[PDB]
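The data block below is input-v1.pdb; it holds PDB, C-alpha atoms.
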ATOM      1  CA  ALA H   1       0.000   0.000   0.000  1.00  0.00           C
ATOM      2  CA  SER H   2       1.784   3.115  -1.257  1.00  0.00           C
ATOM      3  CA  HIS H   3      -1.234   5.443  -1.446  1.00  0.00           C
ATOM      4  CA  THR H   4      -0.665   6.993   1.991  1.00  0.00           C
ATOM      5  CA  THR H   5       2.609   8.795   1.308  1.00  0.00           C
ATOM      6  CA  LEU H   6       3.754  11.503   3.726  1.00  0.00           C
ATOM      7  CA  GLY H   7       6.563  13.942   3.003  1.00  0.00           C
ATOM      8  CA  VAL H   8       8.864  15.694   5.435  1.00  0.00           C
ATOM      9  CA  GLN H   9       6.137  18.304   5.828  1.00  0.00           C
ATOM     10  CA  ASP H  10       3.616  16.933   8.313  1.00  0.00           C
ATOM     11  CA  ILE H  11       0.835  18.150  10.579  1.00  0.00           C
ATOM     12  CA  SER H  12       2.030  18.815  14.115  1.00  0.00           C
ATOM     13  CA  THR H  13      -1.708  18.822  14.961  1.00  0.00           C
ATOM     14  CA  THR H  14      -2.278  20.388  18.405  1.00  0.00           C
ATOM     15  CA  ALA H  15       1.492  20.562  18.854  1.00  0.00           C
ATOM     16  CA  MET H  16       1.480  22.822  15.801  1.00  0.00           C
ATOM     17  CA  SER H  17       0.045  25.545  18.015  1.00  0.00           C
ATOM     18  CA  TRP H  18       2.794  24.749  20.511  1.00  0.00           C
ATOM     19  CA  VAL H  19       5.505  25.488  17.962  1.00  0.00           C
ATOM     20  CA  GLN H  20       3.451  28.449  16.772  1.00  0.00           C
ATOM     21  CA  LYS H  21       3.673  29.586  20.392  1.00  0.00           C
ATOM     22  CA  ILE H  22       7.375  28.704  20.529  1.00  0.00           C
ATOM     23  CA  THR H  23       8.076  30.708  17.374  1.00  0.00           C
ATOM     24  CA  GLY H  24       7.512  33.865  19.405  1.00  0.00           C
ATOM     25  CA  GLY H  25      10.863  35.517  20.009  1.00  0.00           C
ATOM     26  CA  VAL H  26      12.319  38.600  21.660  1.00  0.00           C
ATOM     27  CA  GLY H  27      14.042  39.891  18.522  1.00  0.00           C
ATOM     28  CA  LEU H  28      11.410  42.606  18.220  1.00  0.00           C
ATOM     29  CA  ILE H  29      12.164  44.055  21.659  1.00  0.00           C
ATOM     30  CA  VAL H  30      15.927  43.845  21.131  1.00  0.00           C
ATOM     31  CA  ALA H  31      15.614  45.678  17.814  1.00  0.00           C
ATOM     32  CA  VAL H  32      13.434  48.273  19.555  1.00  0.00           C
ATOM     33  CA  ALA H  33      16.111  48.786  22.209  1.00  0.00           C
ATOM     34  CA  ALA H  34      18.806  49.139  19.548  1.00  0.00           C
ATOM     35  CA  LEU H  35      16.718  51.714  17.681  1.00  0.00           C
ATOM     36  CA  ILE H  36      16.038  53.671  20.879  1.00  0.00           C
ATOM     37  CA  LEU H  37      19.702  53.769  21.868  1.00  0.00           C
ATOM     38  CA  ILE H  38      20.894  54.714  18.386  1.00  0.00           C
ATOM     39  CA  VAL H  39      18.408  57.587  18.155  1.00  0.00           C
ATOM     40  CA  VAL H  40      19.078  58.972  21.640  1.00  0.00           C
ATOM     41  CA  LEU H  41      22.673  58.858  20.426  1.00  0.00           C
ATOM     42  CA  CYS H  42      21.761  60.484  17.095  1.00  0.00           C
ATOM     43  CA  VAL H  43      21.803  63.733  19.036  1.00  0.00           C
ATOM     44  CA  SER H  44      25.558  63.196  18.596  1.00  0.00           C
ATOM     45  CA  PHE H  45      25.427  60.580  15.794  1.00  0.00           C
ATOM     46  CA  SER H  46      24.580  62.266  12.498  1.00  0.00           C
ATOM     47  CA  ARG H  47      25.375  60.024   9.510  1.00  0.00           C
ATOM     48  CA  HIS H  48      28.211  57.627  10.459  1.00  0.00           C
TER      49      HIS H  48
ATOM     50  CA  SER T   1       3.722  50.173 -23.038  1.00  0.00           C
ATOM     51  CA  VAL T   2       2.307  53.696 -23.130  1.00  0.00           C
ATOM     52  CA  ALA T   3       0.861  53.196 -19.653  1.00  0.00           C
ATOM     53  CA  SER T   4       4.356  52.141 -18.587  1.00  0.00           C
ATOM     54  CA  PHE T   5       6.099  55.227 -19.912  1.00  0.00           C
ATOM     55  CA  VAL T   6       3.433  57.563 -18.534  1.00  0.00           C
ATOM     56  CA  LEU T   7       3.638  56.001 -15.069  1.00  0.00           C
ATOM     57  CA  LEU T   8       7.394  56.431 -15.358  1.00  0.00           C
ATOM     58  CA  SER T   9       6.593  60.075 -16.123  1.00  0.00           C
ATOM     59  CA  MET T  10       4.516  60.603 -12.977  1.00  0.00           C
ATOM     60  CA  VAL T  11       7.190  58.967 -10.828  1.00  0.00           C
ATOM     61  CA  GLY T  12       9.774  61.178 -12.542  1.00  0.00           C
ATOM     62  CA  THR T  13       7.868  64.331 -11.671  1.00  0.00           C
ATOM     63  CA  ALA T  14       7.474  62.886  -8.168  1.00  0.00           C
ATOM     64  CA  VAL T  15      11.239  62.674  -7.701  1.00  0.00           C
ATOM     65  CA  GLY T  16      11.276  66.146  -9.227  1.00  0.00           C
ATOM     66  CA  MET T  17       9.056  67.311  -6.386  1.00  0.00           C
ATOM     67  CA  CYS T  18      11.404  65.528  -3.990  1.00  0.00           C
ATOM     68  CA  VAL T  19      14.373  67.563  -5.217  1.00  0.00           C
ATOM     69  CA  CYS T  20      12.246  70.724  -5.325  1.00  0.00           C
ATOM     70  CA  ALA T  21      11.231  70.223  -1.697  1.00  0.00           C
ATOM     71  CA  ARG T  22      14.887  69.625  -0.856  1.00  0.00           C
ATOM     72  CA  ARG T  23      15.981  72.939  -2.360  1.00  0.00           C
ATOM     73  CA  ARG T  24      12.968  74.771  -0.918  1.00  0.00           C
ATOM     74  CA  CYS T  25      13.684  73.465   2.584  1.00  0.00           C
ATOM     75  CA  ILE T  26      17.401  74.254   2.465  1.00  0.00           C
ATOM     76  CA  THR T  27      16.861  77.708   0.944  1.00  0.00           C
ATOM     77  CA  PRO T  28      15.437  79.347   4.107  1.00  0.00           C
ATOM     78  CA  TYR T  29      18.629  78.028   5.642  1.00  0.00           C
ATOM     79  CA  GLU T  30      20.860  79.316   2.819  1.00  0.00           C
ATOM     80  CA  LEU T  31      23.564  79.199   5.492  1.00  0.00           C
ATOM     81  CA  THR T  32      21.913  81.588   7.937  1.00  0.00           C
ATOM     82  CA  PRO T  33      24.211  83.463  10.333  1.00  0.00           C
ATOM     83  CA  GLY T  34      22.630  81.504  13.180  1.00  0.00           C
ATOM     84  CA  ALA T  35      23.298  78.126  11.524  1.00  0.00           C
ATOM     85  CA  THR T  36      21.006  76.007  13.688  1.00  0.00           C
ATOM     86  CA  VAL T  37      18.071  73.666  13.064  1.00  0.00           C
ATOM     87  CA  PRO T  38      17.850  71.538  16.248  1.00  0.00           C
ATOM     88  CA  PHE T  39      14.219  70.654  15.473  1.00  0.00           C
ATOM     89  CA  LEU T  40      14.112  70.507  11.650  1.00  0.00           C
ATOM     90  CA  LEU T  41      17.167  68.847  10.102  1.00  0.00           C
ATOM     91  CA  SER T  42      17.779  66.761  13.215  1.00  0.00           C
ATOM     92  CA  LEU T  43      14.143  65.633  12.858  1.00  0.00           C
ATOM     93  CA  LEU T  44      12.823  66.256   9.333  1.00  0.00           C
ATOM     94  CA  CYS T  45      16.114  65.125   7.740  1.00  0.00           C
ATOM     95  CA  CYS T  46      15.294  67.063   4.575  1.00  0.00           C
ATOM     96  CA  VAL T  47      18.789  67.393   3.083  1.00  0.00           C
ATOM     97  CA  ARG T  48      22.413  66.746   4.056  1.00  0.00           C
ATOM     98  CA  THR T  49      21.335  65.589   7.499  1.00  0.00           C
ATOM     99  CA  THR T  50      25.017  64.808   8.117  1.00  0.00           C
ATOM    100  CA  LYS T  51      25.284  68.426   9.291  1.00  0.00           C
ATOM    101  CA  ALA T  52      22.764  69.336  12.000  1.00  0.00           C
TER     102      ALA T  52
END
Can the structure from this file be put into structure tokens for me?
Amino acid sequence: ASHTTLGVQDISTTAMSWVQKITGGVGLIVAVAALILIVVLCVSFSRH
Amino acid sequence: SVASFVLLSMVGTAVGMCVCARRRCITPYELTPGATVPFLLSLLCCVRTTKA
């Protein structure tokens, strides 16, 4: 029986949500902090 | 094709307005004796924001 063929892509089912929850990262906040620091420095940082 | 070149034309006049706004914003500066825009070039970044 070869009809039921499953590739590497597969349904994590409920656990899909789990990884969807895991995918959340703190890169957004770290980028925000970098932007804030670089601007408050832009008072002295013009174009470098 | 004609739509393409005409849309190129509107975007060309748009960048024309960009440069016109640049010159118009720097002109009131025109290197004033005061030489200070702490709230305009530091913020609006119109032209040559390297200086001020």
Per-residue nearest contacts of chain T to chain H (9 Å; only C-alpha atoms) as JSON lines:
{"residue": "T:42", "atom": "CA", "partner": "H:43", "partner_atom": "CA", "distance": 7.7}
{"residue": "T:49", "atom": "CA", "partner": "H:46", "partner_atom": "CA", "distance": 6.8}
{"residue": "T:50", "atom": "CA", "partner": "H:47", "partner_atom": "CA", "distance": 5.0}
{"residue": "T:51", "atom": "CA", "partner": "H:46", "partner_atom": "CA", "distance": 7.0}
{"residue": "T:52", "atom": "CA", "partner": "H:46", "partner_atom": "CA", "distance": 7.3}
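Atom to atom, CA of residue 24 (chain T) and CA of residue 41 (chain T) stand 13.2 Å apart.
CA of residue 48 (chain T) sits 13.0 Å away from CA of residue 21 (chain T).
Interatomic distance, CA of residue 47 (chain T) against CA of residue 32 (chain H): 25.8 Å.
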